[PDB]
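Undergrad: just dropping in an experimental structure and the matching sequence.
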Amino acid sequence: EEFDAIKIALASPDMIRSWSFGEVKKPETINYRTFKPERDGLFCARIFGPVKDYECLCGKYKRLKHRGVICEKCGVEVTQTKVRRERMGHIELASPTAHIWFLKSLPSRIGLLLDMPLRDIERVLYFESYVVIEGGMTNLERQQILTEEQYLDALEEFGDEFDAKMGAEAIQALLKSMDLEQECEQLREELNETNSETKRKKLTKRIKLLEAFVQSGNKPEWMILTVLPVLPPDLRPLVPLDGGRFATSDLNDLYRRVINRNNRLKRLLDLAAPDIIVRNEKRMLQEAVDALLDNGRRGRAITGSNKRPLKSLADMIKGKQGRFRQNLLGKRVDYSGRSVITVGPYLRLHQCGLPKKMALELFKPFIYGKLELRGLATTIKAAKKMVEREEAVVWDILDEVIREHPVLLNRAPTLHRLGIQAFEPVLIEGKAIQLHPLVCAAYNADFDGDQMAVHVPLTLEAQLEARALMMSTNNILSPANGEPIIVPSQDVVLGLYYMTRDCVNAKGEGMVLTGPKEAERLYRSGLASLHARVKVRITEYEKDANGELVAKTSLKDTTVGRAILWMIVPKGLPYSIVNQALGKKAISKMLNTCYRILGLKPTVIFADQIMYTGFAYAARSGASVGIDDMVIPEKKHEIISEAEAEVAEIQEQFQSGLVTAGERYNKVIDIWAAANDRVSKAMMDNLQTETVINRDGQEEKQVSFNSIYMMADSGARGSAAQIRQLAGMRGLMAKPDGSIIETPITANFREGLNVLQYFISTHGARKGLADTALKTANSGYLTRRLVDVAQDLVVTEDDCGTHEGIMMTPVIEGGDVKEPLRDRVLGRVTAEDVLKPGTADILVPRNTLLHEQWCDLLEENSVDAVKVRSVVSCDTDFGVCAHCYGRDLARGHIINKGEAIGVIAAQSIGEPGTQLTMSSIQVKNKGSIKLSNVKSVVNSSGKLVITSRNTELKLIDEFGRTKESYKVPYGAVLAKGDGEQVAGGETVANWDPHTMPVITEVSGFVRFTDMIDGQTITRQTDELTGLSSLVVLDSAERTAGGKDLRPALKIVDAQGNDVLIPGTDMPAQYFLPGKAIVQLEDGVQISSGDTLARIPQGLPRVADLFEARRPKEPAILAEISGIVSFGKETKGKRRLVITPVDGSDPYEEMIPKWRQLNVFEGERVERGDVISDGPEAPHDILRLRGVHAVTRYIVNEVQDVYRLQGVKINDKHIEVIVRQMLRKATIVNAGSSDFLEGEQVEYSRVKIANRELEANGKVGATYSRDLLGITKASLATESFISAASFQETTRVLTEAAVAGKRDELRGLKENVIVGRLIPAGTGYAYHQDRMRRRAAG
Amino acid sequence: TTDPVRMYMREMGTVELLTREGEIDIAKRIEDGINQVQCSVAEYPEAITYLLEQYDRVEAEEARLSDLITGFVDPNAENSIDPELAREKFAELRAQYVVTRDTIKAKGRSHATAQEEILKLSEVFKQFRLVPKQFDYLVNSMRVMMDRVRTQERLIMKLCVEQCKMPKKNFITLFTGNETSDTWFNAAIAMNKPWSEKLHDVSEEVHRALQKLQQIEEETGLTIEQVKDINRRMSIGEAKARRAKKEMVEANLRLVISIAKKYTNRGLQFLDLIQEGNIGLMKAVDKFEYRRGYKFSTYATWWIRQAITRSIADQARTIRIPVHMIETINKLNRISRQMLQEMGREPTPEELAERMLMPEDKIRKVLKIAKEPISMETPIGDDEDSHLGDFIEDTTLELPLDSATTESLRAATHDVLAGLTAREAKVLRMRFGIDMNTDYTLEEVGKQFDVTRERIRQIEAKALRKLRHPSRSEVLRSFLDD
Ligand SMILES: [Mg+2]
Ligand SMILES: [Zn+2]
Ligand SMILES: [Zn+2]
């Protein structure tokens, strides 16, 4: 068994000879009649083997009497058959041919070896003419074509000392000639003398490459083919059909082609034919080879009479139709079934239907073995005939066998784990599968013609997994997020919401009950109202003492429904639980609380009884809909007459040649909107409490029985928008442009539609539908590419003994808290001693599991940031420590080693991603104000205005939480200064839409400077008012004469000097950008707060965030600190001369100057500071900042995008998938290894755990971190197997084999593809057995 | 351009067509060189040992007019062979040879009289023009004997030069100047080379490889200088035609590519038909007689034509049709159409069969066999859902219930036969080959237990009644319905 690793190197022709069992010489396959093998063709039975076993063709020698005998009658060996799968032939060629993937693949592995270019050798081998096979005199070069009339000069010059003729043999001899060693050691010897610049690094490239081939062990001669194996017959079969028609694999075609051309070449070379035909035959042989190797890549594909091209070998490994994706990873199943589904309303949780027909079909082996055991069917003829005749015992024994015999259930698409579960059978003669209605949601399944599929645990590990793991009763929480999956579907909730209700109108007000018994006696007798708050007695309990119930009774004036319900409650809770009208939120929290304190089993029976009861009385509750449940409001004609008069006025306005259309058109839409929103009011007023039903009085009105508001209130179906679109206007409607129609839906469904309103709705319907049907692929790719990365994490030390790691702060932004820090802290270890807002009140000694005693202790405290020894910050090499991960969620305790995940992440993230694609600063409420890192100014008017783009407003509450978050234009006009307090509901900024003002706080003379007609600007009169100045065009419109120089109308005094900014020694003029149009002329004076210039006016991003593609257009954050200055002057984009304090200046990046900047031409930035208004590449963050800041940036952005959509995932996933991004360690120094070699950060830690230690102080090198993406990490892997599975298998196979790779089969897909166990799951015990063995010698 | 058709047509596009005497000039250079290799035959060592012995060998089998003699003389008139004229024309040839030879001995090899008589032996010859195979073997008896001397020239050169040394410039003027004696050795070594004086430890095999060479002479009976002369005289006599034909072939390349691309419908393929026509043209270049005075393109069109018209028969199909069946099928797919003309509506095979001249069953059979196979990789599903390979079922290996039935059966037969007398069970088991690899006979219950044979019949019968016995026949009875 045991393995470490093994070596590989190229295919010897000796090896194909040894492997093969006989030359194939012919293309011939069979006879025309006697459909039987051909000697020395492709199906040579004497080579590959016979059909029967230990027998010769005559049948002399047989059955291991004559074991290693060859029947000399037919010369046929007495040998066995499973080798028929093995035994290959071979083929000896006329002339050498080469392997295309050593040739056409990127860096060639043969051209990169020689470093002599390609097209040279192409024409050497398209034989433009004679060609230097060997420039014996280096005067002549190899790979040098010599024409029939130029060759003679090489000839009569040297004659002897050159070989300049045709063929692949040129390259053969080349590879055989070149010697790698002494180049290597020489390049080293002169590396030591002067380890030069680019010169030496390419010396070094070669030196290490050379030695890599040396010590790796390689033989680039076998880059070139001389022997060609023959794939066995049954690897490329040829079979008949019923109608005599035959059927084949396309490979035989190419096999025949190659053999025929080769034999014809054997002919032409015996005749010394004119070698032009030998060239053509050589091109043809190499072509047929290369098409066996890769046909449709070279040129126009080869096709039959079909005109369709024919599949090669490579596609049988590659993409879909290869082994991997189609039928090695994903199979067709034995003993399965599937059919249409319907509801089981009277199921228990563990149950499922089984039409006994398919019960029998799948379980015939058990019932047969059992009919033999009893012996009624004495033989299998008897059992099969008895079971065709359907004995009565077949039924009782089918029940016997099926009793306690779990089975799986599968619906397409299997998004996450819970789409497939395992229930107990319930045998039925109903052709429809019955299904416990509550797991309609995990399946996303609703009964509109759906079919489920079914699978059979035969073995006992599978049976017991089905019952312990897939079971309906071990799965009660999403691991995406710890919510219950037991939601009331839509009916028991409607039921309960009806029961525990509290009217005023029906009857039976204020009498007394000793308890819910006479509540049921009354309500089942027909006396009380279920919905009537009537005095009763309760006797709840509580476990106040140490798990010790505490009895008590009391009275509570409560409804008949809550009363009657309360008995279901399992005597541990208070009555306030049931003392409201049971919203489904309450029901979530009910089974929550139930599970929490009780453990679980009550919550089980409890929920069963509640499903039971709500279904029962909801059928007794009655629910329907009527025409008058939607309205004919009394004010229907009057609204029409009013709208009639309004549009008549609009008509006459149009008649005038005034309001012309846009004002008119928008006016018309707005008035229609308001008119039928008033209709909506009329109607919802004319239903809900219109039932005036007196009772013992004058009159009283009460909620009428519409059923629409009720089914809208529980959460079953509907909501205010549904009810308006039935009632009021159906908002506006956008035609396919994305613009918005300005004459709406006026009517509704009851009143009656118009043809074109309908037709406009068809557009939005169709657009949204095509979005739905065409993004299952998008998640498809994102999920599956992420999973193919999937490796694991295993712990090794109790605590790494290491220090702090990550900070925890909650995720409240935009709205309320979205992850309590109470939860974020939950189960983790503290980085450190942590205090309370009563400070120096330590509560951990640097590390404690902070279970909810602590998280609640600290929810009690308003402490607002804590740190955690992170799994990242765990410094245990080749693993982590347990405290740093914190808690196992399933165990609910600090985690134990070995179990690990990450497709869990994939399901959690992808499964919801299916549909979930479809100026001002304010504070809202009281409290302190904590806004900073902004440049702003008290503008001319006396309130705050931004002058650094960074700020985004937040509406902070009195405790401190952000209630709202919104963005703010630079240079805006506020009515609030931050650090004030305001009543919410206020336009804090009344901004001008077009003007972006250019106010001059200074009072100095203006005069036209820096700015001249038709270079930096135009000067172009403001036509409407009529006065002007120098008029600053945008970026592209001005000519490039002065586009290289910033236009700045300048302020001066009577002296001409720089009117410095008031309070500082800084000059004050404005490098005017586009639209900055000054209206008053040269020499004019401006005032304080005076405008020189007036400036008028998805899931794809998910793909972008995950694929690590660069951000795109605009300028970015300060790359490096130190003074930064401007560069090359606008060849489209101007550059940025950075000048770091001690670092290096030369970096300069094209920036849109059209997109205005932040740091001026001689202002300093700190690194990682915004330069402009736009994003930055995350690679800038990893290369510039460390790891925590970058990963924080990414996870921030991505969960903002999701959280936007009403989304929730335990973000542990989004960080572990980023640990799996890339671990490429770009070395900083050299001395131990190369200077910037991509190495295992692991092995990096190893070397520094060896060399930097007293072996040296330091001889080696330090290292950096890297990114560049997930897919290339998939590629960039120890194994090539997991890499050579997915798309572009070809190039991966090339680069795999070229090293002679010999993967050690540890990763997931690695051991998978050979079907042997991998470290965990079922194989966990054996893997850790091997681990203890490795520890135990 | 990746296409070899552009490359090839541009490459044949290089050479032009040379017509109306260069064709006949190719033929004349060819026949001239040929005539001179048969001259080289006329001046023979043992290699030939034929010229007239061959004619006595073709007549020695009491009468023949068969394949060989149409490989022999077949003279052109510048036909059934009456042997009268055969025995006529050979007399003067023998007279010429015998009268030439004694003068070839007079005063020298090729004395002026002798040389004019060799010239007469040549002028008498050039009105003959004859051809294949045995004459090919006649000259092969000179080709292999060329390789006798080169063989020894390689052996002794290897065994001498590669351990010793020597110069080259002296060697040619020394070796060709005498060629017969070793005076050139002591003349080369007349001076010095004490490295030559090192000649020991190999001596016994050097002049034993020279033994192998010198014996070639007496085999030949012929002097090494004349060996050199007539061998070169034959080799150039080959090379003449060898390069002369290529002119014709390069001319009529376009003849070929035309004639072939007349039948490059979707029958097989362009370049293969073009190749086959090129074969037919070379047949024409080789066979053409300018003395008929006809165009070559007609002749080459015949050869090109037949070449392609039957290569497309031998080639072009996975199921190898012979020619005769194809000729029948030609008759039918010709005659059927005359039939539906005359008929004017469908000829189901009795309104077809008669005019074909063959009965119904042939027309019907061919109507069945015209199904070329139907290529698994086709999408029988209009969508890319079911290539035919998916539908195919495999009824060859076994079905597991059958394995179980057989196992239960023979287990029950073991359980039934287990309880007999040893002789009954053993003769039965072995006699029916039960549980081994033999086919045992009652001749062998004879030859093995006891030469008694018929009591084995009456033992088998007793065992069958012992074992049919329907307290036992019922584990057998479920197998009545097999
Ligand atoms: Mg459905
Ligand atoms: Zn045999
Ligand atoms: Zn740790």
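TA: Received, thanks. Numbers count the residues shown, from 1 in each chain, chains lettered A, B, ... in the order given. Ligands and ions are numbered 1, 2, ... in the order given.

Undergrad: burial of residue 108, as a residue count?
TA: Going with chain A. 19 (other C-beta atoms under 10 Å in any protein chain shown). From N, CA and C alone the C-beta is placed, and that goes for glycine too.

Undergrad: wrong one, I was asking about chain B
TA: By other C-beta under 10 Å, the residues close to residue B:108 number 12.

Undergrad: swap in the one 3 residues further on?
TA: Applying other C-beta under 10 Å, we find 15 other residues in the vicinity of residue B:111.

Undergrad: by proximity to chain B, which residue of the stretch 901-1050 of chain A wins?
TA: residue A:914 (25.2 Å; C-beta to the nearest C-beta).

Undergrad: right, and that residue touches residue A:776 too?
TA: Yes: under the criterion of C-beta atoms under 8 Å, residue A:914 makes contact with residue A:776 at 6.7 Å.

Undergrad: the closest residue to the residue of the stretch 901-1050 of chain A closest to chain B other than its chain neighbours: which element?
TA: Once flanking residues are discounted, residue A:914 sits nearest to residue A:779: 6.1 Å by C-beta to C-beta, 6 or more residues apart in numbering or on different chains. Element membership of residue A:779, judged by DSSP states H and E, is helix A:776-788.

Undergrad: and the residue in the stretch 201-350 of chain A positioned nearest to ligand 3, what does it touch?
TA: Per C-beta to the ion, residue A:329 is where the stretch 201-350 of chain A lies closest to ligand 3, at 34.8 Å. Contacts for residue A:329 were tallied using C-beta atoms under 8 Å, 6 or more residues apart in numbering or on different chains; they are A:1285, A:1312.

Undergrad: distance of it relative to residue A:116?
TA: 42 Å (C-beta to C-beta, to the nearest Å).

Undergrad: count of neighbours near residue 36?
TA: Defaulting to chain A. Residue A:36, neighbours per other C-beta under 10 Å, totals 10.

Undergrad: sorry, should have said chain B
TA: Quick note: residue B:36 (other C-beta under 10 Å) scores 19 neighbours.

Undergrad: please apply the same query to the one 10 residues further on.
TA: By other C-beta under 10 Å, the residues close to residue B:46 number 12.

Undergrad: contact residues of the stretch 101-250 of chain A facing ligand 3?
TA: Taking C-beta under 5 Å from the ion, no part of the stretch 101-250 of chain A reaches ligand 3.

Undergrad: ugh, wrong one, chain A
TA: Counting by C-beta under 5 Å from the ion, chain A sits next to ligand 3 at A:800, A:874, A:881, A:884.

Undergrad: by neighbour count, which of the residues you listed wins?
TA: In the residues of chain A next to ligand 3, the most neighbours by other C-beta under 10 Å go to residue A:884, 26 neighbours.

Undergrad: can you name the residue of chain A nearest to ligand 3?
TA: Taking C-beta to the ion, chain A has residue A:874 as its residue nearest ligand 3, at 2.2 Å.

Undergrad: name the SS class of that residue, please.
TA: Following DSSP: H, G, I helix; E, B strand; the rest coil, we place residue A:874 in the coil state.

Undergrad: what's the answer for the one 3 residues further on, then?
TA: Using three-state DSSP, the three-state assignment for residue A:877 comes out as coil.

Undergrad: the residue lying closest to it once chain neighbours are set aside: how many residues sit nearby?
TA: Nearest residue to residue A:877 in three dimensions, chain neighbours excluded: residue A:1245, at 5.4 Å (C-beta to C-beta, 6+ apart). By other C-beta under 10 Å, the residues close to residue A:1245 number 15.

Undergrad: over to residue A:380?
TA: Neighbours around residue A:380, by other C-beta under 10 Å: 20.

Undergrad: now do residue A:1274 against chain B, distance only.
TA: Separation of residue A:1274 from chain B (C-beta to the nearest C-beta, to the nearest Å): 28 Å.

Undergrad: what's the answer for residue A:548, then?
TA: In this view, residue A:548 and chain B are 64 Å apart by C-beta to the nearest C-beta.

Undergrad: next: residue A:1217.
TA: Noted for residue A:1217: a distance of 34 Å to chain B, by C-beta to the nearest C-beta.

Undergrad: what of residue A:269?
TA: Counting by C-beta to the nearest C-beta - residue A:269 and chain B are separated by 16 Å.

Undergrad: in what helix or strand does that residue lie?
TA: helix A:251-270.

Undergrad: next, the buried residues of that helix.
TA: Neighbour counts over helix A:251-270 (16 or more other C-beta atoms under 10 Å in any protein chain shown) mark A:251-262, A:264-265, A:268 as buried.

Undergrad: stretch A:845-856 now?
TA: Using 16+ other C-beta under 10 Å, the residues of stretch A:845-856 that count as buried are A:847, A:849, A:850, A:851, A:854, A:855.
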